[PDB]
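Shown here is one chain on its own, the form deposited in one PDB entry, set out as structure tokens.
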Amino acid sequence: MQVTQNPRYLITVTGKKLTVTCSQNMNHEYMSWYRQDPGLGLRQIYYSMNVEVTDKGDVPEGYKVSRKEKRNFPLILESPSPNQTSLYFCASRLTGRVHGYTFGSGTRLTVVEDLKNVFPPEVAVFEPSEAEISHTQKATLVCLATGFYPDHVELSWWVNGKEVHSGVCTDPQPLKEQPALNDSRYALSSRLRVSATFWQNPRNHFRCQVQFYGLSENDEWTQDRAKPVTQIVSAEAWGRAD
């Protein structure tokens, strides 16, 4: 069972017509768009009971859809507004009450008032405390990604060039750095914990990688600083013998 939403991450400048696509080949009659926002839960935008049949959900304003084909259900934002920054889910199902949804994996859309709002992350690795090492015989590294906007990032750890998941926890979501602001930049932390002896080997290499999804050649850049394109930003450290 697959409902396919692409792209996973999307930045658009406000006012520039946008279409988010959704497809399923399960022959489902009923398809729907939802938005998910902090505090407000999942809210239904539009739904379609079948080909050429569409109906408003609870929050249709600023959106349109069509259902020319059974497999596809595009969501169109004619003049996207910052208030349409959200996480969008497409879902499909058979018609009858007994049948439930299969959801797509989401599209994170940020509508930016101005491209100068867009910033890549800065990334730092904080080295383990000698006190932790003494007290626990373990060593925790902390990675901090800071200053980024939008919040379209994926953090991973790499030890001796190999991706690791054991010993890792990353905050489930970023925090706003200036929560009063509608375009606040974001920070994200993660921990990687290893044995003290592993940290103490200078042959061991630790890297925190942050994939940022940013602008492309499509996007006009006029600021003096470097264009905040999709890019990886990393911080790294070697094990310490001293």
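We call the rigid core the largest set of C-alpha positions that still match within 1.5 Å between the two forms. Don't overthink the numbering: it's just position in the shown sequence, from 1.
The form deposited in another entry exists for this protein as well; it is not shown, and the discussion that follows is about that form.
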- Item | C-alpha of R43 moved at least 2 Å between this form and the one not shown on rigid core | no
- Superpose the two forms on their rigid core, then report whether the C-alpha of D183 is displaced by 2 angstroms or more between this form and the one not shown. yes
- Query: Quick one: core overlaid, is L94 moving 2 Å or more at the Cα between this form and the one not shown?
  - Reply: yes
- Message: Please check whether, in the other form, the CA atoms of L181 and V20 lie closer or farther apart than here, given a change of 3 Å or more.
- Response: farther
- Knowing the Cα distance between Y88 and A180 changes 3 Å or more in the other form, does it shrink or grow relative to here? farther
